[PDB]
>>> print(open('query-v7.csv').read())   # CSV, C-alpha atoms (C1' of nucleotides)
chain,number,residue,atom,x,y,z
A,28,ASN,CA,-12.3,24.4,37.9
A,29,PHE,CA,-15.8,24.3,36.6
A,30,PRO,CA,-16.7,21.5,34.2
A,31,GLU,CA,-18.1,23.0,31.1
A,32,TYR,CA,-19.0,21.7,27.6
A,33,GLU,CA,-16.0,22.2,25.3
A,34,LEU,CA,-17.9,20.5,22.6
A,35,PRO,CA,-21.7,21.1,22.6
A,36,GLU,CA,-22.8,17.8,24.0
A,37,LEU,CA,-19.8,15.5,23.7
A,38,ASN,CA,-16.9,16.7,25.8
A,39,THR,CA,-16.0,19.0,28.7
A,40,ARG,CA,-12.9,21.2,29.1
A,41,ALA,CA,-9.9,20.0,31.0
A,42,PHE,CA,-10.5,20.5,34.7
A,43,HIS,CA,-8.8,19.4,37.9
A,44,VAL,CA,-10.7,16.6,39.6
A,45,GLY,CA,-9.5,17.6,43.1
A,46,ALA,CA,-10.6,21.2,42.6
A,47,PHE,CA,-14.0,20.1,41.4
A,48,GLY,CA,-14.5,17.8,44.4
A,49,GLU,CA,-13.4,20.7,46.6
A,50,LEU,CA,-15.9,23.1,45.0
A,51,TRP,CA,-18.7,20.6,45.6
A,52,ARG,CA,-17.7,19.8,49.2
A,53,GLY,CA,-17.5,23.5,49.7
A,54,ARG,CA,-21.0,24.2,48.4
A,55,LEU,CA,-22.4,21.4,50.6
A,56,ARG,CA,-20.2,22.0,53.5
A,57,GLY,CA,-22.1,21.3,56.7
A,58,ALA,CA,-25.5,21.4,55.0
A,59,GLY,CA,-26.3,17.8,55.8
A,60,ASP,CA,-26.5,16.7,52.2
A,61,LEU,CA,-23.5,14.3,52.4
A,62,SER,CA,-24.3,11.9,55.1
A,63,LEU,CA,-23.7,8.3,54.0
A,64,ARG,CA,-26.0,7.2,56.8
A,65,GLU,CA,-29.0,5.1,56.4
A,66,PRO,CA,-32.4,6.8,56.3
A,67,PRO,CA,-33.8,6.6,59.9
A,76,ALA,CA,-44.2,12.2,67.1
A,77,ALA,CA,-41.4,13.8,69.1
A,78,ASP,CA,-39.4,14.1,65.8
A,79,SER,CA,-42.3,16.0,64.2
A,80,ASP,CA,-41.8,19.0,66.6
A,81,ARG,CA,-38.0,19.1,65.9
A,82,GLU,CA,-38.7,18.9,62.2
A,83,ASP,CA,-41.2,21.7,62.3
A,84,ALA,CA,-38.8,23.9,64.3
A,85,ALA,CA,-36.1,23.2,61.7
A,86,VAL,CA,-38.4,24.2,58.9
A,87,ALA,CA,-39.4,27.3,60.7
A,88,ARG,CA,-35.7,28.1,61.2
A,89,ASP,CA,-34.8,27.5,57.6
A,90,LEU,CA,-37.8,29.1,55.9
A,91,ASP,CA,-38.5,32.0,58.3
A,92,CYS,CA,-42.0,30.9,59.2
A,93,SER,CA,-44.0,30.0,62.3
A,94,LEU,CA,-44.2,26.6,64.0
A,95,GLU,CA,-47.8,26.6,62.9
A,96,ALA,CA,-46.8,27.4,59.3
A,97,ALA,CA,-44.2,24.7,59.5
A,98,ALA,CA,-46.7,22.1,60.6
A,99,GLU,CA,-49.1,23.3,57.9
A,100,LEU,CA,-46.4,22.8,55.3
A,101,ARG,CA,-45.5,19.4,56.7
A,102,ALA,CA,-49.2,18.4,56.5
A,103,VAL,CA,-50.0,19.7,53.0
A,104,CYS,CA,-46.8,18.6,51.2
A,105,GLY,CA,-47.1,15.0,52.4
A,106,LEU,CA,-46.5,12.2,49.9
A,107,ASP,CA,-49.3,12.4,47.3
A,119,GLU,CA,-47.6,-1.7,42.4
A,120,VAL,CA,-51.0,-2.3,40.8
A,121,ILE,CA,-50.4,-3.6,37.2
A,122,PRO,CA,-53.9,-2.5,36.1
A,123,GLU,CA,-53.7,0.9,34.4
A,124,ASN,CA,-56.7,2.9,33.0
A,125,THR,CA,-57.6,6.5,32.1
A,126,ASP,CA,-54.3,6.7,30.3
A,127,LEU,CA,-51.8,9.5,29.5
A,128,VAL,CA,-49.8,9.6,26.3
A,129,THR,CA,-46.8,7.5,27.4
A,130,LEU,CA,-49.1,5.4,29.6
A,131,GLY,CA,-51.1,4.6,26.5
A,132,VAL,CA,-48.0,3.8,24.5
A,133,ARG,CA,-46.9,1.5,27.3
A,134,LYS,CA,-50.3,-0.2,27.4
A,135,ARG,CA,-50.2,-0.8,23.7
A,136,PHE,CA,-46.6,-2.2,23.9
A,137,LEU,CA,-47.6,-4.5,26.7
A,138,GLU,CA,-50.7,-5.8,24.8
A,139,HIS,CA,-48.7,-6.4,21.6
A,140,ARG,CA,-46.1,-8.2,23.6
A,141,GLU,CA,-48.8,-10.2,25.3
A,142,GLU,CA,-49.8,-11.6,21.9
A,143,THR,CA,-46.4,-11.9,20.2
A,144,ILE,CA,-44.5,-13.5,23.2
A,145,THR,CA,-45.2,-16.9,24.8
A,146,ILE,CA,-42.9,-16.9,27.8
A,147,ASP,CA,-42.4,-13.2,28.7
A,148,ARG,CA,-39.5,-13.3,31.1
A,149,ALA,CA,-36.3,-11.1,31.3
A,150,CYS,CA,-33.8,-12.2,28.6
A,151,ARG,CA,-30.4,-13.3,29.7
A,152,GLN,CA,-28.8,-10.0,28.6
A,153,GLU,CA,-31.3,-7.9,30.6
A,154,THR,CA,-30.7,-9.9,33.8
A,155,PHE,CA,-27.0,-9.8,33.1
A,156,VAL,CA,-26.8,-6.0,32.7
A,157,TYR,CA,-29.0,-5.5,35.7
A,158,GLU,CA,-27.3,-7.9,38.1
A,159,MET,CA,-24.0,-6.3,37.0
A,160,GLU,CA,-25.2,-2.8,37.6
A,161,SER,CA,-27.0,-3.5,40.9
A,162,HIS,CA,-24.4,-6.0,42.0
A,163,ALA,CA,-23.1,-3.8,44.9
A,164,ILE,CA,-25.5,-1.1,46.0
A,165,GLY,CA,-25.9,-0.3,49.6
A,166,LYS,CA,-23.3,-3.1,50.4
A,167,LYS,CA,-22.0,-2.0,53.8
A,168,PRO,CA,-18.3,-2.3,54.6
A,169,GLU,CA,-17.6,-5.2,56.9
A,170,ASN,CA,-14.9,-3.3,58.7
A,171,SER,CA,-16.2,0.3,58.9
A,172,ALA,CA,-12.5,1.2,58.7
A,173,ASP,CA,-12.7,0.9,54.9
A,174,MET,CA,-15.8,3.1,55.0
A,175,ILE,CA,-15.4,5.9,52.4
A,176,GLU,CA,-15.4,9.5,53.6
A,177,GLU,CA,-18.4,11.8,53.0
A,178,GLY,CA,-17.6,13.1,49.5
A,179,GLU,CA,-15.3,10.9,47.5
A,180,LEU,CA,-15.9,11.7,43.9
A,181,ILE,CA,-16.6,8.4,42.3
A,182,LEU,CA,-15.6,8.5,38.6
A,183,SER,CA,-17.5,6.3,36.2
A,184,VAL,CA,-14.8,5.3,33.8
A,185,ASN,CA,-15.6,2.9,31.0
A,186,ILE,CA,-12.7,1.0,29.4
A,187,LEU,CA,-13.3,0.0,25.8
A,188,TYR,CA,-12.7,-3.6,25.1
A,189,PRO,CA,-9.9,-4.3,22.6
A,190,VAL,CA,-11.0,-5.4,19.1
A,191,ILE,CA,-11.5,-9.0,20.0
A,192,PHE,CA,-14.1,-9.8,17.4
A,193,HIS,CA,-14.1,-8.1,14.0
A,194,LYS,CA,-17.4,-6.4,14.6
A,195,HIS,CA,-16.0,-4.7,17.7
A,196,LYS,CA,-14.6,-2.0,15.4
A,197,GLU,CA,-18.2,-0.9,14.5
A,198,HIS,CA,-19.9,-0.8,17.9
A,199,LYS,CA,-17.1,-0.5,20.5
A,200,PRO,CA,-17.9,-2.7,23.5
A,201,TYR,CA,-16.9,-1.3,26.9
A,202,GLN,CA,-16.8,-2.2,30.5
A,203,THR,CA,-17.5,0.6,33.0
A,204,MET,CA,-15.8,0.9,36.4
A,205,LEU,CA,-16.8,3.0,39.3
A,206,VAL,CA,-13.3,4.2,40.2
B,1,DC,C1',-37.2,-38.2,38.0
B,2,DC,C1',-33.4,-37.4,35.8
B,3,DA,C1',-31.9,-37.9,32.2
B,4,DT,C1',-32.6,-35.3,26.6
B,5,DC,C1',-33.8,-32.4,23.4
B,6,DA,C1',-36.6,-28.0,19.8
B,7,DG,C1',-37.9,-23.7,20.7
B,8,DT,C1',-37.5,-19.1,22.2
B,9,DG,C1',-36.4,-14.4,23.2
B,10,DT,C1',-33.2,-11.6,22.9
B,11,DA,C1',-28.4,-8.5,22.5
B,12,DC,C1',-24.5,-9.5,19.7
B,13,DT,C1',-22.2,-10.2,16.0
B,14,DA,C1',-21.4,-11.2,10.5
B,15,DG,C1',-21.4,-9.6,5.8
B,16,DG,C1',-22.6,-5.9,2.9
B,17,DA,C1',-23.3,-2.1,0.6
B,18,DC,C1',-23.5,2.8,1.3
B,19,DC,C1',-23.3,7.5,2.9
B,20,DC,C1',-21.7,12.0,5.1
B,21,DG,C1',-18.4,15.2,5.9
B,22,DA,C1',-13.9,16.9,6.2
B,23,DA,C1',-9.5,17.9,4.6
B,24,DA,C1',-6.3,18.0,1.1
B,25,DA,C1',-5.5,18.8,-3.6
B,26,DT,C1',-6.4,20.9,-7.9
B,27,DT,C1',-8.2,24.2,-11.1
B,28,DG,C1',-8.4,28.6,-12.7
B,29,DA,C1',-6.6,33.8,-14.0
B,30,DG,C1',-2.7,37.2,-14.3
B,31,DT,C1',1.8,38.3,-15.9
B,32,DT,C1',6.5,37.1,-18.8
B,33,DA,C1',9.9,34.6,-20.6
B,34,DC,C1',11.4,30.0,-23.3
B,35,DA,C1',11.4,25.9,-27.5
B,36,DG,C1',8.8,22.9,-29.7
B,37,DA,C1',4.7,20.1,-30.5
B,38,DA,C1',-0.2,19.6,-31.3
B,39,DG,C1',-4.3,21.2,-33.9
B,40,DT,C1',-7.1,23.0,-36.8
B,41,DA,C1',-7.6,26.3,-40.8
B,42,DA,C1',-7.0,27.2,-44.9
B,43,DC,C1',-6.4,26.3,-51.5
B,44,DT,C1',-5.6,22.9,-55.2
B,45,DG,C1',-4.9,18.6,-58.0
B,46,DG,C1',-6.7,14.0,-59.9
B,47,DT,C1',-9.2,10.4,-61.5
B,48,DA,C1',-13.4,8.0,-62.2
B,49,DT,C1',-19.4,7.5,-63.5
B,50,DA,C1',-22.3,9.1,-66.5
B,51,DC,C1',-22.9,11.2,-71.2
B,52,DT,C1',-23.3,12.9,-76.0
B,53,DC,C1',-22.7,12.9,-80.4
B,54,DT,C1',-20.7,9.6,-83.7
B,55,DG,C1',-18.7,6.0,-86.4
B,56,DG,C1',-20.0,2.0,-88.0
B,57,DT,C1',-23.6,-1.3,-89.4
B,58,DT,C1',-27.4,-3.4,-91.8
B,59,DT,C1',-30.7,-4.6,-94.6
B,60,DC,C1',-33.1,-2.9,-98.5
B,61,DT,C1',-34.0,-1.5,-102.2
B,62,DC,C1',-31.4,0.2,-106.4
B,63,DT,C1',-26.5,1.7,-109.1
B,64,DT,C1',-23.4,0.8,-112.2
B,65,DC,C1',-21.4,-1.7,-115.1
B,66,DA,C1',-20.8,-6.0,-117.7
>>> encode(input="query-v7.csv", output="structure tokens")
Amino acid sequence: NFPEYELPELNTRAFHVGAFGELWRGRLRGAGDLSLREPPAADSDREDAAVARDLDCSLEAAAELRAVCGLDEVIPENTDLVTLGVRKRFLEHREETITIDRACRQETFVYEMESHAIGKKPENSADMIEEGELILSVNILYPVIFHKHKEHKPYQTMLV
DNA sequence: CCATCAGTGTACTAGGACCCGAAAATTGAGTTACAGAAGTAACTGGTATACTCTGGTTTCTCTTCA
């Protein structure tokens, strides 16, 4: 069944997870969007033929699209935008209020827990997961260990 | 040079009042009984602080004997 907001922005209606995964794998069935492969002049011609086949255009038009839509750090930042200006001001104020300016232990902790296993390939390739496996991001609320854990409920999230 | 030892830069508590909304509960009117208790709303004595002549007083010349 379709997941839809039961509450405006807090909660969905009860829906079967298997049905939802099947809807998704049905709408992406054999479209090449669920690959789980790593990202890889002769290929240019095949790509242009594919674009001509999928967009009903000419090989010349496909090559033109491939050329024009091409992709289009350095800490210096000038000629700012709104949020870029806010970031510049924040950076300058931090440069004068802080003396060591390195990632706090909680920042590195949250990051190194989040990005602990990303792109980690299976050693066996027999425990490789199938294309389309519906990872659920549960988060289990810690019990009330400290008294203040009633106010702001700490949780640990698991990618089931 | 590897010991030691403040500071530091933060999310994570610790008290510490305080607030926001929801849900339950009450209040309120309407009736009609019921008995009795509050709850004012009414006339009717009762005794004191001024008060107003008044009864006595007081010299002060005189009245009446003596």
>>> interface_residues(input="query-v7.csv", of="chain A", to="chain B", cutoff="10 Å", atoms="only C-alpha atoms (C1' of nucleotides)", output="number ranges by chain")
A: 144-153, 192-195, 198
>>> atom_distance(input="query-v7.csv", atom1="atom CA of residue A:91", atom2="atom CA of residue A:106")
22.9 Å
>>> residues_around(input="query-v7.csv", residues="residue A:186", least_positions_apart="6", cutoff="9 Å", atoms="only C-alpha atoms (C1' of nucleotides)", output="list in words")
residues 200, 201, 202, 203 and 204 of chain A
>>> atom_distance(input="query-v7.csv", atom1="atom CA of residue A:30", atom2="atom CA of residue A:185")
18.9 Å
>>> atom_distance(input="query-v7.csv", atom1="atom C1' of residue B:4", atom2="atom CA of residue A:154")
26.5 Å
>>> closest_residue(input="query-v7.csv", among="A:167, A:83, A:65, A:122", to="residue A:99", atoms="only C-alpha atoms")
A:83
>>> residues_around(input="query-v7.csv", residues="stretch 46-49 of chain A", least_positions_apart="5", cutoff="12 Å", atoms="all atoms listed in the file", output="compact mmCIF listing (two decimals) with C-alpha atoms, in the coordinates of the input")
# COMPACT_ATOMS: atom_id res chain seq x y z
CA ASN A 28 -12.30 24.40 37.90
CA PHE A 29 -15.80 24.30 36.60
CA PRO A 30 -16.70 21.50 34.20
CA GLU A 31 -18.10 23.00 31.10
CA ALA A 41 -9.90 20.00 31.00
CA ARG A 54 -21.00 24.20 48.40
CA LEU A 55 -22.40 21.40 50.60
CA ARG A 56 -20.20 22.00 53.50
CA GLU A 177 -18.40 11.80 53.00
CA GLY A 178 -17.60 13.10 49.50
CA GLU A 179 -15.30 10.90 47.50
CA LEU A 180 -15.90 11.70 43.90
CA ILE A 181 -16.60 8.40 42.30
CA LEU A 182 -15.60 8.50 38.60
>>> residues_around(input="query-v7.csv", residues="stretch 171-176 of chain A", least_positions_apart="6", cutoff="12 Å", atoms="all atoms listed in the file", output="ChimeraX atom specification")
/A:52,61-64,165
>>> closest_residue(input="query-v7.csv", among="A:87, A:128, A:164, A:205", to="residue A:184", atoms="only C-alpha atoms")
A:205
>>> decode(input="query-v7.csv", residues="stretch 129-165 of chain A", atoms="N, CA and C atoms", output="PDB file, in the first residue's frame")
ATOM      1  N   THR A 129      23.411  32.772   1.531  1.00  0.00           N
ATOM      2  CA  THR A 129      23.927  31.756   2.441  1.00  0.00           C
ATOM      3  C   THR A 129      25.444  31.677   2.391  1.00  0.00           C
ATOM      4  N   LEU A 130      26.049  31.992   1.244  1.00  0.00           N
ATOM      5  CA  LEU A 130      27.503  32.042   1.192  1.00  0.00           C
ATOM      6  C   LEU A 130      28.035  33.180   2.049  1.00  0.00           C
ATOM      7  N   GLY A 131      27.343  34.317   2.051  1.00  0.00           N
ATOM      8  CA  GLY A 131      27.740  35.403   2.929  1.00  0.00           C
ATOM      9  C   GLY A 131      27.584  35.045   4.393  1.00  0.00           C
ATOM     10  N   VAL A 132      26.490  34.366   4.739  1.00  0.00           N
ATOM     11  CA  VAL A 132      26.307  33.938   6.122  1.00  0.00           C
ATOM     12  C   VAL A 132      27.409  32.975   6.529  1.00  0.00           C
ATOM     13  N   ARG A 133      27.785  32.065   5.630  1.00  0.00           N
ATOM     14  CA  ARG A 133      28.851  31.124   5.950  1.00  0.00           C
ATOM     15  C   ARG A 133      30.184  31.840   6.099  1.00  0.00           C
ATOM     16  N   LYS A 134      30.442  32.843   5.260  1.00  0.00           N
ATOM     17  CA  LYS A 134      31.678  33.607   5.390  1.00  0.00           C
ATOM     18  C   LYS A 134      31.729  34.340   6.722  1.00  0.00           C
ATOM     19  N   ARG A 135      30.613  34.949   7.122  1.00  0.00           N
ATOM     20  CA  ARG A 135      30.572  35.649   8.402  1.00  0.00           C
ATOM     21  C   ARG A 135      30.756  34.684   9.565  1.00  0.00           C
ATOM     22  N   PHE A 136      30.096  33.526   9.507  1.00  0.00           N
ATOM     23  CA  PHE A 136      30.264  32.521  10.550  1.00  0.00           C
ATOM     24  C   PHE A 136      31.710  32.055  10.630  1.00  0.00           C
ATOM     25  N   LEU A 137      32.332  31.805   9.480  1.00  0.00           N
ATOM     26  CA  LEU A 137      33.722  31.368   9.461  1.00  0.00           C
ATOM     27  C   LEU A 137      34.643  32.427  10.047  1.00  0.00           C
ATOM     28  N   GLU A 138      34.417  33.698   9.709  1.00  0.00           N
ATOM     29  CA  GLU A 138      35.272  34.750  10.247  1.00  0.00           C
ATOM     30  C   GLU A 138      35.085  34.915  11.747  1.00  0.00           C
ATOM     31  N   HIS A 139      33.846  34.836  12.231  1.00  0.00           N
ATOM     32  CA  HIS A 139      33.616  34.956  13.666  1.00  0.00           C
ATOM     33  C   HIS A 139      34.233  33.784  14.418  1.00  0.00           C
ATOM     34  N   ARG A 140      34.170  32.588  13.835  1.00  0.00           N
ATOM     35  CA  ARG A 140      34.819  31.442  14.456  1.00  0.00           C
ATOM     36  C   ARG A 140      36.335  31.572  14.415  1.00  0.00           C
ATOM     37  N   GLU A 141      36.876  32.182  13.359  1.00  0.00           N
ATOM     38  CA  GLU A 141      38.318  32.366  13.259  1.00  0.00           C
ATOM     39  C   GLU A 141      38.854  33.297  14.334  1.00  0.00           C
ATOM     40  N   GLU A 142      38.011  34.159  14.894  1.00  0.00           N
ATOM     41  CA  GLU A 142      38.443  35.058  15.952  1.00  0.00           C
ATOM     42  C   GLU A 142      38.043  34.587  17.342  1.00  0.00           C
ATOM     43  N   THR A 143      37.014  33.744  17.458  1.00  0.00           N
ATOM     44  CA  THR A 143      36.609  33.274  18.780  1.00  0.00           C
ATOM     45  C   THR A 143      37.281  31.963  19.174  1.00  0.00           C
ATOM     46  N   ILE A 144      37.752  31.180  18.209  1.00  0.00           N
ATOM     47  CA  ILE A 144      38.301  29.854  18.469  1.00  0.00           C
ATOM     48  C   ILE A 144      39.813  29.901  18.311  1.00  0.00           C
ATOM     49  N   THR A 145      40.499  29.025  19.042  1.00  0.00           N
ATOM     50  CA  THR A 145      41.954  28.996  18.973  1.00  0.00           C
ATOM     51  C   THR A 145      42.527  27.697  18.427  1.00  0.00           C
ATOM     52  N   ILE A 146      41.774  26.601  18.387  1.00  0.00           N
ATOM     53  CA  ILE A 146      42.287  25.358  17.831  1.00  0.00           C
ATOM     54  C   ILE A 146      41.526  24.896  16.593  1.00  0.00           C
ATOM     55  N   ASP A 147      40.220  25.149  16.508  1.00  0.00           N
ATOM     56  CA  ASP A 147      39.426  24.940  15.297  1.00  0.00           C
ATOM     57  C   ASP A 147      39.642  23.556  14.690  1.00  0.00           C
ATOM     58  N   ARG A 148      39.221  22.538  15.428  1.00  0.00           N
ATOM     59  CA  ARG A 148      39.200  21.183  14.909  1.00  0.00           C
ATOM     60  C   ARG A 148      37.913  20.514  15.364  1.00  0.00           C
ATOM     61  N   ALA A 149      37.524  19.469  14.643  1.00  0.00           N
ATOM     62  CA  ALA A 149      36.237  18.824  14.859  1.00  0.00           C
ATOM     63  C   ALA A 149      36.156  18.278  16.275  1.00  0.00           C
ATOM     64  N   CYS A 150      35.123  18.681  17.008  1.00  0.00           N
ATOM     65  CA  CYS A 150      34.944  18.219  18.372  1.00  0.00           C
ATOM     66  C   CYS A 150      34.742  16.713  18.399  1.00  0.00           C
ATOM     67  N   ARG A 151      34.938  16.127  19.577  1.00  0.00           N
ATOM     68  CA  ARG A 151      34.846  14.681  19.699  1.00  0.00           C
ATOM     69  C   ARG A 151      33.468  14.143  19.341  1.00  0.00           C
ATOM     70  N   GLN A 152      32.400  14.885  19.623  1.00  0.00           N
ATOM     71  CA  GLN A 152      31.064  14.443  19.253  1.00  0.00           C
ATOM     72  C   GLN A 152      30.822  14.504  17.758  1.00  0.00           C
ATOM     73  N   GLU A 153      31.368  15.505  17.074  1.00  0.00           N
ATOM     74  CA  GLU A 153      31.227  15.564  15.627  1.00  0.00           C
ATOM     75  C   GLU A 153      31.904  14.377  14.965  1.00  0.00           C
ATOM     76  N   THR A 154      33.175  14.138  15.298  1.00  0.00           N
ATOM     77  CA  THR A 154      33.874  12.994  14.730  1.00  0.00           C
ATOM     78  C   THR A 154      33.187  11.700  15.109  1.00  0.00           C
ATOM     79  N   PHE A 155      32.636  11.628  16.318  1.00  0.00           N
ATOM     80  CA  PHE A 155      31.951  10.412  16.732  1.00  0.00           C
ATOM     81  C   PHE A 155      30.723  10.153  15.877  1.00  0.00           C
ATOM     82  N   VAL A 156      29.848  11.151  15.748  1.00  0.00           N
ATOM     83  CA  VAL A 156      28.633  10.976  14.961  1.00  0.00           C
ATOM     84  C   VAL A 156      28.978  10.654  13.519  1.00  0.00           C
ATOM     85  N   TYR A 157      29.988  11.326  12.970  1.00  0.00           N
ATOM     86  CA  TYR A 157      30.362  11.065  11.588  1.00  0.00           C
ATOM     87  C   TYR A 157      30.898   9.651  11.422  1.00  0.00           C
ATOM     88  N   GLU A 158      31.918   9.289  12.201  1.00  0.00           N
ATOM     89  CA  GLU A 158      32.536   7.982  12.065  1.00  0.00           C
ATOM     90  C   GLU A 158      31.594   6.853  12.431  1.00  0.00           C
ATOM     91  N   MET A 159      30.495   7.136  13.121  1.00  0.00           N
ATOM     92  CA  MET A 159      29.486   6.101  13.283  1.00  0.00           C
ATOM     93  C   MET A 159      28.586   6.027  12.062  1.00  0.00           C
ATOM     94  N   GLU A 160      28.142   7.179  11.563  1.00  0.00           N
ATOM     95  CA  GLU A 160      27.320   7.195  10.363  1.00  0.00           C
ATOM     96  C   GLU A 160      28.054   6.583   9.180  1.00  0.00           C
ATOM     97  N   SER A 161      29.235   7.103   8.846  1.00  0.00           N
ATOM     98  CA  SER A 161      29.987   6.632   7.693  1.00  0.00           C
ATOM     99  C   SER A 161      30.886   5.456   8.024  1.00  0.00           C
ATOM    100  N   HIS A 162      30.549   4.685   9.053  1.00  0.00           N
ATOM    101  CA  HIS A 162      31.401   3.572   9.445  1.00  0.00           C
ATOM    102  C   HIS A 162      31.457   2.510   8.361  1.00  0.00           C
ATOM    103  N   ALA A 163      30.315   2.194   7.758  1.00  0.00           N
ATOM    104  CA  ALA A 163      30.274   1.154   6.734  1.00  0.00           C
ATOM    105  C   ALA A 163      29.461   1.708   5.562  1.00  0.00           C
ATOM    106  N   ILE A 164      30.158   2.335   4.621  1.00  0.00           N
ATOM    107  CA  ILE A 164      29.565   2.813   3.382  1.00  0.00           C
ATOM    108  C   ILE A 164      30.430   2.288   2.249  1.00  0.00           C
ATOM    109  N   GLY A 165      29.799   1.664   1.262  1.00  0.00           N
ATOM    110  CA  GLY A 165      30.538   1.041   0.185  1.00  0.00           C
ATOM    111  C   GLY A 165      31.441  -0.088   0.616  1.00  0.00           C
TER     112      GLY A 165
END
